[PDB]
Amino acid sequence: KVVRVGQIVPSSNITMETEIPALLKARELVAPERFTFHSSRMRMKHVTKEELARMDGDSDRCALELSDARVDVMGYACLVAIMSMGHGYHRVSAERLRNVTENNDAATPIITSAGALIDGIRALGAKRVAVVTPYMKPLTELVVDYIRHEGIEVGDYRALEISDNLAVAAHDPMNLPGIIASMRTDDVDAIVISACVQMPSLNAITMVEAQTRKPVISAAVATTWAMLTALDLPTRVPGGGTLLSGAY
């Protein structure tokens, strides 16, 4: 079977269209299903609270654009944009976007990277979590607060102080092992190596997991995991870390 994968992304976001295809490409070596990727974009170059709200306005229009392609699953990407709207807004965004695709006769399951990260942590049975984000301090405080408010405790967190979404995309993932290794990780159940949708994390995931001996999640994997589960499919995916290997 062919699965049509839909992705609403920030215009400048390059990672989701890399890591999600990479994961599912890897899945095709282990499971029969074969995937095709389809994207709609909303303009956004710089990660600021105002540029994020504006981008969330185009959220609906992108879901229209993607339902025109009778897509099997929709992944609404920007994690930070939802968490900056208020508490538990991921659930709101999901409902709303679901309705959009219904008002287009193409009812599709809709998955946010925010909700995917929350559901992903719980699916592991992780009560305490560490977080790495590329964003500026106040913006990451929102992310940490949002997670804490979703019932998940946050131990040690880190902001990498980058706002240029392009520069975030060109952040070397092999910095990440060293970064995580300098955080208090042992007091923690699971490591959120990227509470972000733009920062490359895939190539560090298994490396980090190996040297920290704690499960490692990034939004990308959490989204693919959610997409997989939403289509009632096995979630074994080589190089997908702990979450992507018999946890669904």
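Throughout, we count residues from 1 along the sequence that is shown.
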{"property": "Of 219 to 227 and 40 to 48, the one with larger mean CA B-factor", "result": "40 to 48"}
{"property": "Mean C-alpha B-factor comparison - 173 to 181 and 113 to 121, higher one", "result": "173 to 181"}
{"property": "Member of 132, 129, 71, 167 with the greatest C-alpha B factor (per the PDB record)", "result": "167"}
{"property": "Entry-reported Cα temperature factor of residue 65, expressed as the chain third it lands in", "result": "middle"}
{"property": "Residue 59 CA temperature factor, ranked by third within the chain", "result": "highest"}
{"property": "Among modelled residues of the same chain, the CA temperature factor third for residue 53", "result": "highest"}
{"property": "Among modelled residues of the same chain, the CA temperature factor third for residue 187", "result": "highest"}
{"property": "Third of the chain's Cα B-factor distribution that residue 155 belongs to, per the entry", "result": "middle"}
